[PDB]
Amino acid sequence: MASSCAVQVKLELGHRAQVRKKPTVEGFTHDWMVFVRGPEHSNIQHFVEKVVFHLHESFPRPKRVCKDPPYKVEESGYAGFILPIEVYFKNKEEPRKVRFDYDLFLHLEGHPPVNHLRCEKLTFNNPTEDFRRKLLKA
């Protein structure tokens, strides 16, 4: 064939973290929320099978699986950690997923709450016709 193709999609990873007015009965001092979305409320669900948040093993049911948007997790905690996030694609051929190590950090009391955003671009070179159609429907 004479044609080649490169499709590029943008994802926004991010988290919010606030010091609680009163710690939970467990001692947890913060409420946080972490998420994967697309920009402009894009419909990434067209090409995203599921999003998996790998919480620290200290949390109950550490493998949090989101098969349908919003792709997010809301918890309380007391300490920052690295949170591996895996985005699975509605694809049959490589790549079938992409992994990002998300820095879930928390700020001390007396400092402002955390609102963090991290932009990531994914580039698919010569996707199949059906993966390509889903990618571009987003």
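In case it trips you up, residue 1 is the first one in the sequence shown, and so on. So that the term is clear: the rigid core is the largest set of C-alpha atoms that superpose within 1.5 Å between two forms.
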Which stretch is more displaced from the shown form in 6 other deposited structures of this protein, 68 to 76 or 39 to 47, with RMS over structures and residues of Cα positions after a rigid core fit? 39 to 47
Taking only the CA atoms, which stretch has the higher mean B-factor in the record, 109 to 117 or 81 to 89? 109 to 117
Please compare 122 to 130 with 12 to 20 and say which has the higher mean C-alpha temperature factor in the record. 122 to 130
Chain-wide C-alpha B factor ranking for residue 41, given as lowest, middle or highest third: highest
Place residue 94 in the lowest, middle or highest third of its chain's C-alpha B-factors, as listed in the PDB entry. highest
